[PDB]
$ cat start.pdb   # PDB, N, CA and C atoms and all ligand atoms
ATOM      1  N   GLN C   1      87.128 170.049  78.946
ATOM      2  CA  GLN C   1      87.935 168.940  79.430
ATOM      3  C   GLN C   1      87.222 167.633  79.116
ATOM      4  N   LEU C   2      87.965 166.668  78.577
ATOM      5  CA  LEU C   2      87.418 165.367  78.218
ATOM      6  C   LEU C   2      88.241 164.259  78.862
ATOM      7  N   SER C   3      87.556 163.173  79.205
ATOM      8  CA  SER C   3      88.187 162.032  79.853
ATOM      9  C   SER C   3      89.233 161.383  78.954
ATOM     10  N   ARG C   4      90.055 160.527  79.568
ATOM     11  CA  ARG C   4      91.108 159.838  78.830
ATOM     12  C   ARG C   4      90.550 158.739  77.934
ATOM     13  N   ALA C   5      89.417 158.145  78.310
ATOM     14  CA  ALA C   5      88.814 157.074  77.526
ATOM     15  C   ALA C   5      87.934 157.578  76.389
ATOM     16  N   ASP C   6      87.782 158.893  76.231
ATOM     17  CA  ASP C   6      86.946 159.419  75.158
ATOM     18  C   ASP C   6      87.601 159.301  73.787
ATOM     19  N   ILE C   7      88.924 159.135  73.728
ATOM     20  CA  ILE C   7      89.658 159.020  72.472
ATOM     21  C   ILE C   7      89.974 157.554  72.224
ATOM     22  N   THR C   8      89.905 157.140  70.959
ATOM     23  CA  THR C   8      90.208 155.756  70.618
ATOM     24  C   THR C   8      91.667 155.461  70.939
ATOM     25  N   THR C   9      91.912 154.288  71.520
ATOM     26  CA  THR C   9      93.251 153.868  71.915
ATOM     27  C   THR C   9      93.668 152.633  71.134
ATOM     28  N   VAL C  10      94.932 152.613  70.710
ATOM     29  CA  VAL C  10      95.519 151.502  69.971
ATOM     30  C   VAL C  10      96.704 150.993  70.776
ATOM     31  N   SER C  11      96.761 149.679  70.971
ATOM     32  CA  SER C  11      97.836 149.073  71.749
ATOM     33  C   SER C  11      99.129 149.079  70.944
ATOM     34  N   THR C  12     100.116 149.844  71.416
ATOM     35  CA  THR C  12     101.410 149.908  70.750
ATOM     36  C   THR C  12     102.344 148.794  71.196
ATOM     37  N   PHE C  13     101.909 147.933  72.116
ATOM     38  CA  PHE C  13     102.714 146.835  72.626
ATOM     39  C   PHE C  13     102.364 145.538  71.912
ATOM     40  N   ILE C  14     103.346 144.629  71.788
ATOM     41  CA  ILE C  14     103.173 143.315  71.088
ATOM     42  C   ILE C  14     102.822 142.257  72.140
ATOM     43  N   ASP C  15     101.549 142.135  72.508
ATOM     44  CA  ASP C  15     101.107 141.227  73.607
ATOM     45  C   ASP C  15     101.740 139.836  73.531
ATOM     46  N   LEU C  16     102.184 139.286  74.669
ATOM     47  CA  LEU C  16     102.723 137.901  74.752
ATOM     48  C   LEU C  16     102.030 137.218  75.941
ATOM     49  N   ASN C  17     101.088 136.309  75.680
ATOM     50  CA  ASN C  17     100.315 135.622  76.752
ATOM     51  C   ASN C  17     101.159 134.491  77.339
ATOM     52  N   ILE C  18     101.323 134.452  78.666
ATOM     53  CA  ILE C  18     102.124 133.389  79.342
ATOM     54  C   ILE C  18     101.227 132.628  80.331
ATOM     55  N   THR C  19     100.912 131.358  80.057
ATOM     56  CA  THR C  19     100.063 130.508  80.924
ATOM     57  C   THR C  19     100.940 129.564  81.717
ATOM     58  N   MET C  20     101.147 129.847  83.006
ATOM     59  CA  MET C  20     101.986 129.002  83.888
ATOM     60  C   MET C  20     101.449 127.570  83.860
ATOM     61  N   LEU C  21     102.291 126.586  84.173
ATOM     62  CA  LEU C  21     101.908 125.179  84.163
ATOM     63  C   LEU C  21     101.111 124.874  85.425
ATOM     64  N   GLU C  22      99.881 124.406  85.249
ATOM     65  CA  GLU C  22      99.032 124.094  86.390
ATOM     66  C   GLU C  22      99.621 122.960  87.222
ATOM     67  N   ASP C  23      99.427 123.050  88.534
ATOM     68  CA  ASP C  23      99.929 122.020  89.432
ATOM     69  C   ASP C  23      99.190 120.714  89.174
ATOM     70  N   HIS C  24      99.920 119.602  89.265
ATOM     71  CA  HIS C  24      99.365 118.276  89.036
ATOM     72  C   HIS C  24      99.659 117.386  90.232
ATOM     73  N   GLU C  25      98.671 116.592  90.627
ATOM     74  CA  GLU C  25      98.782 115.670  91.751
ATOM     75  C   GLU C  25      98.749 114.245  91.214
ATOM     76  N   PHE C  26      99.754 113.451  91.581
ATOM     77  CA  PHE C  26      99.864 112.065  91.147
ATOM     78  C   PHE C  26      99.333 111.165  92.255
ATOM     79  N   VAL C  27      98.399 110.287  91.904
ATOM     80  CA  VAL C  27      97.789 109.366  92.860
ATOM     81  C   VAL C  27      98.454 107.999  92.734
ATOM     82  N   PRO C  28      98.503 107.183  93.792
ATOM     83  CA  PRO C  28      99.124 105.860  93.661
ATOM     84  C   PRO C  28      98.381 105.009  92.642
ATOM     85  N   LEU C  29      99.131 104.193  91.903
ATOM     86  CA  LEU C  29      98.535 103.339  90.888
ATOM     87  C   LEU C  29      99.415 102.118  90.671
ATOM     88  N   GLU C  30      98.814 100.934  90.792
ATOM     89  CA  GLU C  30      99.503  99.666  90.606
ATOM     90  C   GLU C  30      98.626  98.742  89.778
ATOM     91  N   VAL C  31      99.240  98.039  88.824
ATOM     92  CA  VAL C  31      98.470  97.113  88.001
ATOM     93  C   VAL C  31      98.020  95.927  88.841
ATOM     94  N   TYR C  32      98.920  95.402  89.669
ATOM     95  CA  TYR C  32      98.633  94.274  90.545
ATOM     96  C   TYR C  32      99.324  94.515  91.875
ATOM     97  N   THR C  33      98.540  94.686  92.934
ATOM     98  CA  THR C  33      99.122  94.898  94.250
ATOM     99  C   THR C  33      99.862  93.640  94.681
ATOM    100  N   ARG C  34     100.732  93.785  95.686
ATOM    101  CA  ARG C  34     101.479  92.623  96.160
ATOM    102  C   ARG C  34     100.541  91.544  96.678
ATOM    103  N   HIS C  35      99.373  91.935  97.192
ATOM    104  CA  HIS C  35      98.415  90.944  97.669
ATOM    105  C   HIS C  35      97.820  90.175  96.496
ATOM    106  N   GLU C  36      97.519  90.872  95.398
ATOM    107  CA  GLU C  36      96.958  90.208  94.225
ATOM    108  C   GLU C  36      97.955  89.226  93.624
ATOM    109  N   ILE C  37      99.232  89.611  93.566
ATOM    110  CA  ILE C  37     100.247  88.718  93.013
ATOM    111  C   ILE C  37     100.350  87.459  93.861
ATOM    112  N   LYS C  38     100.318  87.617  95.187
ATOM    113  CA  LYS C  38     100.382  86.451  96.064
ATOM    114  C   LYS C  38      99.162  85.565  95.853
ATOM    115  N   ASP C  39      97.987  86.177  95.693
ATOM    116  CA  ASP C  39      96.761  85.426  95.473
ATOM    117  C   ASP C  39      96.706  84.777  94.098
ATOM    118  N   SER C  40      97.559  85.199  93.161
ATOM    119  CA  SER C  40      97.551  84.606  91.829
ATOM    120  C   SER C  40      97.904  83.127  91.857
ATOM    121  N   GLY C  41      98.686  82.688  92.840
ATOM    122  CA  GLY C  41      99.046  81.285  92.919
ATOM    123  C   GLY C  41      97.831  80.427  93.223
ATOM    124  N   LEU C  42      97.767  79.268  92.565
ATOM    125  CA  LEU C  42      96.642  78.361  92.773
ATOM    126  C   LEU C  42      96.621  77.825  94.198
ATOM    127  N   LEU C  43      97.792  77.498  94.743
ATOM    128  CA  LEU C  43      97.919  76.968  96.094
ATOM    129  C   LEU C  43      98.996  77.721  96.859
ATOM    130  N   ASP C  44      98.794  77.821  98.171
ATOM    131  CA  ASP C  44      99.717  78.486  99.081
ATOM    132  C   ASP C  44     100.193  77.468 100.105
ATOM    133  N   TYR C  45     101.508  77.267 100.173
ATOM    134  CA  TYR C  45     102.057  76.296 101.115
ATOM    135  C   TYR C  45     101.789  76.702 102.558
ATOM    136  N   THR C  46     101.792  78.004 102.844
ATOM    137  CA  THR C  46     101.548  78.472 104.206
ATOM    138  C   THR C  46     100.137  78.121 104.666
ATOM    139  N   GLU C  47      99.132  78.490 103.872
ATOM    140  CA  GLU C  47      97.752  78.211 104.251
ATOM    141  C   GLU C  47      97.445  76.720 104.241
ATOM    142  N   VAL C  48      97.976  75.981 103.267
ATOM    143  CA  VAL C  48      97.711  74.545 103.198
ATOM    144  C   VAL C  48      98.272  73.845 104.428
ATOM    145  N   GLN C  49      99.496  74.196 104.825
ATOM    146  CA  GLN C  49     100.099  73.565 105.993
ATOM    147  C   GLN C  49      99.382  73.973 107.274
ATOM    148  N   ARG C  50      98.951  75.232 107.363
ATOM    149  CA  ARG C  50      98.258  75.684 108.565
ATOM    150  C   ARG C  50      96.955  74.923 108.766
TER     151      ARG C  50
ATOM    152  N   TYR K   1      90.203  55.026 118.925
ATOM    153  CA  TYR K   1      90.020  53.733 119.570
ATOM    154  C   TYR K   1      91.229  52.826 119.387
ATOM    155  N   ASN K   2      91.552  52.088 120.441
ATOM    156  CA  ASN K   2      92.644  51.131 120.473
ATOM    157  C   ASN K   2      92.132  49.873 121.154
ATOM    158  N   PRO K   3      92.748  48.718 120.892
ATOM    159  CA  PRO K   3      92.264  47.481 121.517
ATOM    160  C   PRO K   3      92.516  47.444 123.014
ATOM    161  N   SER K   4      91.753  46.606 123.724
ATOM    162  CA  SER K   4      91.945  46.439 125.188
ATOM    163  C   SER K   4      93.320  45.810 125.435
ATOM    164  N   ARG K   5      93.845  45.906 126.663
ATOM    165  CA  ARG K   5      95.208  45.413 126.995
ATOM    166  C   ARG K   5      95.191  43.906 127.270
ATOM    167  N   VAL K   6      95.844  43.099 126.427
ATOM    168  CA  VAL K   6      95.994  41.636 126.689
ATOM    169  C   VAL K   6      97.503  41.350 126.610
ATOM    170  N   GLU K   7      98.077  40.666 127.598
ATOM    171  CA  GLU K   7      99.554  40.484 127.687
ATOM    172  C   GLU K   7     100.174  39.812 126.454
ATOM    173  N   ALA K   8     101.464  40.068 126.200
ATOM    174  CA  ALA K   8     102.229  39.472 125.075
ATOM    175  C   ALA K   8     101.329  39.124 123.891
ATOM    176  N   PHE K   9     100.604  40.106 123.355
ATOM    177  CA  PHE K   9      99.740  39.871 122.171
ATOM    178  C   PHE K   9      99.629  41.128 121.360
ATOM    179  N   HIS K  10      99.569  40.992 120.038
ATOM    180  CA  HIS K  10      99.334  42.148 119.144
ATOM    181  C   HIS K  10      97.825  42.203 118.909
ATOM    182  N   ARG K  11      97.245  43.394 118.837
ATOM    183  CA  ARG K  11      95.827  43.603 118.589
ATOM    184  C   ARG K  11      95.651  44.783 117.643
ATOM    185  N   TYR K  12      94.593  44.725 116.839
ATOM    186  CA  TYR K  12      94.270  45.760 115.867
ATOM    187  C   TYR K  12      92.946  46.423 116.221
ATOM    188  N   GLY K  13      92.972  47.752 116.331
ATOM    189  CA  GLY K  13      91.793  48.536 116.653
ATOM    190  C   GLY K  13      91.515  49.555 115.571
ATOM    191  N   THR K  14      90.363  49.441 114.916
ATOM    192  CA  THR K  14      89.981  50.330 113.828
ATOM    193  C   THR K  14      89.157  51.503 114.341
ATOM    194  N   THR K  15      89.374  52.671 113.743
ATOM    195  CA  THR K  15      88.665  53.897 114.075
ATOM    196  C   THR K  15      88.204  54.560 112.786
ATOM    197  N   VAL K  16      86.911  54.874 112.712
ATOM    198  CA  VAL K  16      86.309  55.514 111.540
ATOM    199  C   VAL K  16      85.621  56.777 112.047
ATOM    200  N   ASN K  17      86.149  57.935 111.659
ATOM    201  CA  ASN K  17      85.614  59.230 112.071
ATOM    202  C   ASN K  17      85.123  59.992 110.847
ATOM    203  N   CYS K  18      83.807  60.034 110.653
ATOM    204  CA  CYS K  18      83.252  60.770 109.525
ATOM    205  C   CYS K  18      83.561  62.250 109.697
ATOM    206  N   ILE K  19      84.036  62.883 108.627
ATOM    207  CA  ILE K  19      84.392  64.294 108.653
ATOM    208  C   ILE K  19      83.831  64.988 107.422
ATOM    209  N   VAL K  20      83.229  66.151 107.653
ATOM    210  CA  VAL K  20      82.658  66.992 106.608
ATOM    211  C   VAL K  20      83.154  68.405 106.871
ATOM    212  N   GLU K  21      83.662  69.063 105.831
ATOM    213  CA  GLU K  21      84.209  70.406 105.962
ATOM    214  C   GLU K  21      83.847  71.284 104.779
ATOM    215  N   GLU K  22      83.772  72.586 105.042
ATOM    216  CA  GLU K  22      83.508  73.568 104.002
ATOM    217  C   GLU K  22      84.846  74.182 103.616
ATOM    218  N   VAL K  23      85.284  73.941 102.383
ATOM    219  CA  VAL K  23      86.575  74.421 101.907
ATOM    220  C   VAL K  23      86.398  75.365 100.729
ATOM    221  N   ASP K  24      87.356  76.279 100.591
ATOM    222  CA  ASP K  24      87.342  77.242  99.498
ATOM    223  C   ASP K  24      88.123  76.672  98.324
ATOM    224  N   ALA K  25      87.427  76.412  97.224
ATOM    225  CA  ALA K  25      88.038  75.857  96.029
ATOM    226  C   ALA K  25      88.551  76.976  95.135
ATOM    227  N   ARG K  26      89.657  76.700  94.446
ATOM    228  CA  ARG K  26      90.291  77.651  93.546
ATOM    229  C   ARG K  26      90.595  76.973  92.218
ATOM    230  N   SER K  27      90.545  77.757  91.143
ATOM    231  CA  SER K  27      90.812  77.244  89.807
ATOM    232  C   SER K  27      91.382  78.365  88.950
ATOM    233  N   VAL K  28      92.153  77.978  87.931
ATOM    234  CA  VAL K  28      92.781  78.913  87.009
ATOM    235  C   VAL K  28      92.510  78.455  85.582
ATOM    236  N   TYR K  29      92.757  79.362  84.644
ATOM    237  CA  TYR K  29      92.548  79.067  83.235
ATOM    238  C   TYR K  29      93.418  77.878  82.827
ATOM    239  N   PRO K  30      92.923  76.956  81.974
ATOM    240  CA  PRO K  30      91.610  76.879  81.303
ATOM    241  C   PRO K  30      90.469  76.394  82.196
ATOM    242  N   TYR K  31      90.636  76.417  83.518
ATOM    243  CA  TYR K  31      89.606  75.987  84.460
ATOM    244  C   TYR K  31      89.214  74.527  84.259
ATOM    245  N   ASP K  32      90.169  73.686  83.868
ATOM    246  CA  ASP K  32      89.912  72.265  83.667
ATOM    247  C   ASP K  32      90.075  71.453  84.946
ATOM    248  N   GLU K  33      90.538  72.071  86.031
ATOM    249  CA  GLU K  33      90.720  71.397  87.306
ATOM    250  C   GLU K  33      90.727  72.452  88.396
ATOM    251  N   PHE K  34      90.525  72.011  89.635
ATOM    252  CA  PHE K  34      90.505  72.920  90.771
ATOM    253  C   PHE K  34      91.105  72.240  91.989
ATOM    254  N   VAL K  35      91.585  73.068  92.912
ATOM    255  CA  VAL K  35      92.192  72.621  94.156
ATOM    256  C   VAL K  35      91.261  73.000  95.294
ATOM    257  N   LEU K  36      91.541  72.453  96.471
ATOM    258  CA  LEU K  36      90.763  72.697  97.673
ATOM    259  C   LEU K  36      91.647  73.345  98.729
ATOM    260  N   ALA K  37      91.008  73.864  99.780
ATOM    261  CA  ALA K  37      91.752  74.511 100.853
ATOM    262  C   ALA K  37      92.719  73.559 101.541
ATOM    263  N   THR K  38      92.469  72.254 101.474
ATOM    264  CA  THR K  38      93.341  71.264 102.094
ATOM    265  C   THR K  38      94.528  70.890 101.217
ATOM    266  N   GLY K  39      94.681  71.514 100.053
ATOM    267  CA  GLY K  39      95.784  71.210  99.165
ATOM    268  C   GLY K  39      95.565  70.020  98.258
ATOM    269  N   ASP K  40      94.361  69.454  98.236
ATOM    270  CA  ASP K  40      94.074  68.302  97.393
ATOM    271  C   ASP K  40      93.591  68.761  96.022
ATOM    272  N   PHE K  41      94.153  68.167  94.973
ATOM    273  CA  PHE K  41      93.775  68.508  93.612
ATOM    274  C   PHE K  41      92.581  67.676  93.161
ATOM    275  N   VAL K  42      91.716  68.304  92.367
ATOM    276  CA  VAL K  42      90.530  67.666  91.809
ATOM    277  C   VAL K  42      90.609  67.849  90.302
ATOM    278  N   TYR K  43      90.908  66.769  89.589
ATOM    279  CA  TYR K  43      91.053  66.807  88.135
ATOM    280  C   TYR K  43      89.709  66.715  87.424
ATOM    281  N   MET K  44      88.933  67.788  87.560
ATOM    282  CA  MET K  44      87.620  67.908  86.953
ATOM    283  C   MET K  44      87.281  69.388  86.892
ATOM    284  N   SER K  45      86.736  69.816  85.761
ATOM    285  CA  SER K  45      86.385  71.218  85.616
ATOM    286  C   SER K  45      85.288  71.582  86.617
ATOM    287  N   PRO K  46      85.373  72.746  87.277
ATOM    288  CA  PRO K  46      84.312  73.098  88.239
ATOM    289  C   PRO K  46      82.935  73.217  87.613
ATOM    290  N   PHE K  47      82.865  73.470  86.308
ATOM    291  CA  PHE K  47      81.605  73.628  85.597
ATOM    292  C   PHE K  47      81.157  72.363  84.878
ATOM    293  N   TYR K  48      81.806  71.228  85.126
ATOM    294  CA  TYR K  48      81.411  69.986  84.480
ATOM    295  C   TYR K  48      80.018  69.577  84.941
ATOM    296  N   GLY K  49      79.235  69.045  84.012
ATOM    297  CA  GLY K  49      77.883  68.621  84.335
ATOM    298  C   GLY K  49      77.220  68.004  83.125
ATOM    299  N   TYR K  50      75.968  67.589  83.330
ATOM    300  CA  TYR K  50      75.191  66.969  82.266
ATOM    301  C   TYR K  50      74.296  67.965  81.535
TER     302      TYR K  50
HETATM  303  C1  LIG V   1      96.362 136.682  75.983
HETATM  304  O1  LIG V   1      97.122 136.905  74.806
HETATM  305  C2  LIG V   1      96.361 137.354  73.669
HETATM  306  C3  LIG V   1      97.319 137.423  72.503
HETATM  307  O2  LIG V   1      97.874 136.138  72.226
HETATM  308  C4  LIG V   1      95.704 138.691  73.991
HETATM  309  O3  LIG V   1      94.892 139.095  72.893
HETATM  310  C5  LIG V   1      94.841 138.515  75.232
HETATM  311  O4  LIG V   1      94.215 139.738  75.598
HETATM  312  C6  LIG V   1      95.694 138.000  76.385
HETATM  313  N1  LIG V   1      94.894 137.891  77.589
HETATM  314  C7  LIG V   1      93.754 137.203  77.683
HETATM  315  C8  LIG V   1      93.055 137.279  79.005
HETATM  316  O5  LIG V   1      93.311 136.541  76.748
END

$ encode --input "start.pdb" --output "structure tokens"
Amino acid sequence: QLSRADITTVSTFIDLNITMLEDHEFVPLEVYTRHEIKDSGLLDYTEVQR
Amino acid sequence: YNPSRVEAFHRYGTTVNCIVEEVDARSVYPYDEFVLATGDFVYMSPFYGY
């Protein structure tokens, strides 16, 4: 009696590798926050009047 | 300061109050002038010098 792995084996199937799409996490990103846009002005009427 | 009370007469009273303050100056490109926290414009480059 001999084991099943003692004889050479050939794959009769046509392998098809399937790599699922990895999960992705999106982080917040802004070129200029609303605070930066407000600060872009040279003068602010609110602060000047205050 | 105001003048003392003298009947049916106009009087002029001068008041001089020296004031010194620390203000945050701001400037934008080409940086040829800058403003102050009080809203006053200064037509001189912040980097002007000899
Ligand atoms: C992936 O597919 C290939 C054939 O494209 C196959 O040879 C391989 O054994 C498969 N599995 C792994 C883990 O690479």

$ interface_residues --input "start.pdb" --of "chain C" --to "chain K" --cutoff "7 Å" --atoms "all atoms listed in the file" --output "list in words"
residues 42, 43, 47, 48 and 49 of chain C

$ atom_distance --input "start.pdb" --atom1 "atom C of residue 46 (chain K)" --atom2 "atom C of residue 32 (chain C)"
27.2 Å

$ closest_atom_pairs --input "start.pdb" --of "chain C" --to "ligand LIG 1 (chain V)" --cutoff "6.5 Å" --atoms "all atoms listed in the file" --output "tab-separated table"
residue	atom	partner	partner_atom	distance
C:15	C	V:LIG1	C3	5.1
C:16	C	V:LIG1	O1	5.0
C:17	CA	V:LIG1	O1	4.0
C:18	N	V:LIG1	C1	6.1

$ select_by_dssp --input "start.pdb" --residues "chain K" --states "strand (DSSP E)" --output "VMD selection string"
chain K and resid 26 to 27 34 to 35 41 to 42

$ atom_distance --input "start.pdb" --atom1 "CA of residue 29 (chain K)" --atom2 "CA of residue 28 (chain C)"
29.5 Å

$ resolve_selection --input "start.pdb" --expression "the PyMOL selection byres (((chain K and resi 15-22) around 8) and not hetatm)" --output "list in words"
residues 1, 2, 12, 13, 14, 23, 24, 25 and 37 of chain K

$ atom_distance --input "start.pdb" --atom1 "atom N of residue 43 (chain K)" --atom2 "atom N of residue 36 (chain C)"
25.7 Å

$ build_atoms --input "start.pdb" --residues "region 28-49 of chain K" --atoms "N, CA, C and O atoms" --output "PDB file, in the frame of the given file"
ATOM      1  N   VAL K  28      92.153  77.978  87.931  1.00  0.00           N
ATOM      2  CA  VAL K  28      92.781  78.913  87.009  1.00  0.00           C
ATOM      3  C   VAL K  28      92.510  78.455  85.582  1.00  0.00           C
ATOM      4  O   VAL K  28      92.096  77.323  85.334  1.00  0.00           O
ATOM      5  N   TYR K  29      92.757  79.362  84.644  1.00  0.00           N
ATOM      6  CA  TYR K  29      92.548  79.067  83.235  1.00  0.00           C
ATOM      7  C   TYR K  29      93.418  77.878  82.827  1.00  0.00           C
ATOM      8  O   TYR K  29      94.564  77.771  83.286  1.00  0.00           O
ATOM      9  N   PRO K  30      92.923  76.956  81.974  1.00  0.00           N
ATOM     10  CA  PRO K  30      91.610  76.879  81.303  1.00  0.00           C
ATOM     11  C   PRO K  30      90.469  76.394  82.196  1.00  0.00           C
ATOM     12  O   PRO K  30      89.423  75.995  81.694  1.00  0.00           O
ATOM     13  N   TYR K  31      90.636  76.417  83.518  1.00  0.00           N
ATOM     14  CA  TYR K  31      89.606  75.987  84.460  1.00  0.00           C
ATOM     15  C   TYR K  31      89.214  74.527  84.259  1.00  0.00           C
ATOM     16  O   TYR K  31      88.055  74.156  84.460  1.00  0.00           O
ATOM     17  N   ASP K  32      90.169  73.686  83.868  1.00  0.00           N
ATOM     18  CA  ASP K  32      89.912  72.265  83.667  1.00  0.00           C
ATOM     19  C   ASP K  32      90.075  71.453  84.946  1.00  0.00           C
ATOM     20  O   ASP K  32      89.774  70.255  84.944  1.00  0.00           O
ATOM     21  N   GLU K  33      90.538  72.071  86.031  1.00  0.00           N
ATOM     22  CA  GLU K  33      90.720  71.397  87.306  1.00  0.00           C
ATOM     23  C   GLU K  33      90.727  72.452  88.396  1.00  0.00           C
ATOM     24  O   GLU K  33      90.908  73.645  88.129  1.00  0.00           O
ATOM     25  N   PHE K  34      90.525  72.011  89.635  1.00  0.00           N
ATOM     26  CA  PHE K  34      90.505  72.920  90.771  1.00  0.00           C
ATOM     27  C   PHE K  34      91.105  72.240  91.989  1.00  0.00           C
ATOM     28  O   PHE K  34      91.132  71.010  92.094  1.00  0.00           O
ATOM     29  N   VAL K  35      91.585  73.068  92.912  1.00  0.00           N
ATOM     30  CA  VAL K  35      92.192  72.621  94.156  1.00  0.00           C
ATOM     31  C   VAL K  35      91.261  73.000  95.294  1.00  0.00           C
ATOM     32  O   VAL K  35      90.310  73.765  95.114  1.00  0.00           O
ATOM     33  N   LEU K  36      91.541  72.453  96.471  1.00  0.00           N
ATOM     34  CA  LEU K  36      90.763  72.697  97.673  1.00  0.00           C
ATOM     35  C   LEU K  36      91.647  73.345  98.729  1.00  0.00           C
ATOM     36  O   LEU K  36      92.874  73.384  98.605  1.00  0.00           O
ATOM     37  N   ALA K  37      91.008  73.864  99.780  1.00  0.00           N
ATOM     38  CA  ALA K  37      91.752  74.511 100.853  1.00  0.00           C
ATOM     39  C   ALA K  37      92.719  73.559 101.541  1.00  0.00           C
ATOM     40  O   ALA K  37      93.702  74.015 102.135  1.00  0.00           O
ATOM     41  N   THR K  38      92.469  72.254 101.474  1.00  0.00           N
ATOM     42  CA  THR K  38      93.341  71.264 102.094  1.00  0.00           C
ATOM     43  C   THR K  38      94.528  70.890 101.217  1.00  0.00           C
ATOM     44  O   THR K  38      95.313  70.021 101.610  1.00  0.00           O
ATOM     45  N   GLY K  39      94.681  71.514 100.053  1.00  0.00           N
ATOM     46  CA  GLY K  39      95.784  71.210  99.165  1.00  0.00           C
ATOM     47  C   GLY K  39      95.565  70.020  98.258  1.00  0.00           C
ATOM     48  O   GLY K  39      96.506  69.611  97.568  1.00  0.00           O
ATOM     49  N   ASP K  40      94.361  69.454  98.236  1.00  0.00           N
ATOM     50  CA  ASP K  40      94.074  68.302  97.393  1.00  0.00           C
ATOM     51  C   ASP K  40      93.591  68.761  96.022  1.00  0.00           C
ATOM     52  O   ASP K  40      92.726  69.634  95.918  1.00  0.00           O
ATOM     53  N   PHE K  41      94.153  68.167  94.973  1.00  0.00           N
ATOM     54  CA  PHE K  41      93.775  68.508  93.612  1.00  0.00           C
ATOM     55  C   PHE K  41      92.581  67.676  93.161  1.00  0.00           C
ATOM     56  O   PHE K  41      92.445  66.503  93.515  1.00  0.00           O
ATOM     57  N   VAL K  42      91.716  68.304  92.367  1.00  0.00           N
ATOM     58  CA  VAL K  42      90.530  67.666  91.809  1.00  0.00           C
ATOM     59  C   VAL K  42      90.609  67.849  90.302  1.00  0.00           C
ATOM     60  O   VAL K  42      90.412  68.961  89.798  1.00  0.00           O
ATOM     61  N   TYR K  43      90.908  66.769  89.589  1.00  0.00           N
ATOM     62  CA  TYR K  43      91.053  66.807  88.135  1.00  0.00           C
ATOM     63  C   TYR K  43      89.709  66.715  87.424  1.00  0.00           C
ATOM     64  O   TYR K  43      89.371  65.729  86.775  1.00  0.00           O
ATOM     65  N   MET K  44      88.933  67.788  87.560  1.00  0.00           N
ATOM     66  CA  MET K  44      87.620  67.908  86.953  1.00  0.00           C
ATOM     67  C   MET K  44      87.281  69.388  86.892  1.00  0.00           C
ATOM     68  O   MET K  44      87.515  70.127  87.851  1.00  0.00           O
ATOM     69  N   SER K  45      86.736  69.816  85.761  1.00  0.00           N
ATOM     70  CA  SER K  45      86.385  71.218  85.616  1.00  0.00           C
ATOM     71  C   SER K  45      85.288  71.582  86.617  1.00  0.00           C
ATOM     72  O   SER K  45      84.349  70.806  86.809  1.00  0.00           O
ATOM     73  N   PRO K  46      85.373  72.746  87.277  1.00  0.00           N
ATOM     74  CA  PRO K  46      84.312  73.098  88.239  1.00  0.00           C
ATOM     75  C   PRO K  46      82.935  73.217  87.613  1.00  0.00           C
ATOM     76  O   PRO K  46      81.929  73.082  88.319  1.00  0.00           O
ATOM     77  N   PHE K  47      82.865  73.470  86.308  1.00  0.00           N
ATOM     78  CA  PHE K  47      81.605  73.628  85.597  1.00  0.00           C
ATOM     79  C   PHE K  47      81.157  72.363  84.878  1.00  0.00           C
ATOM     80  O   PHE K  47      80.209  72.422  84.090  1.00  0.00           O
ATOM     81  N   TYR K  48      81.806  71.228  85.126  1.00  0.00           N
ATOM     82  CA  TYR K  48      81.411  69.986  84.480  1.00  0.00           C
ATOM     83  C   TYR K  48      80.018  69.577  84.941  1.00  0.00           C
ATOM     84  O   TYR K  48      79.654  69.735  86.110  1.00  0.00           O
ATOM     85  N   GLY K  49      79.235  69.045  84.012  1.00  0.00           N
ATOM     86  CA  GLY K  49      77.883  68.621  84.335  1.00  0.00           C
ATOM     87  C   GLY K  49      77.220  68.004  83.125  1.00  0.00           C
ATOM     88  O   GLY K  49      77.809  67.900  82.044  1.00  0.00           O
TER      89      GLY K  49
END
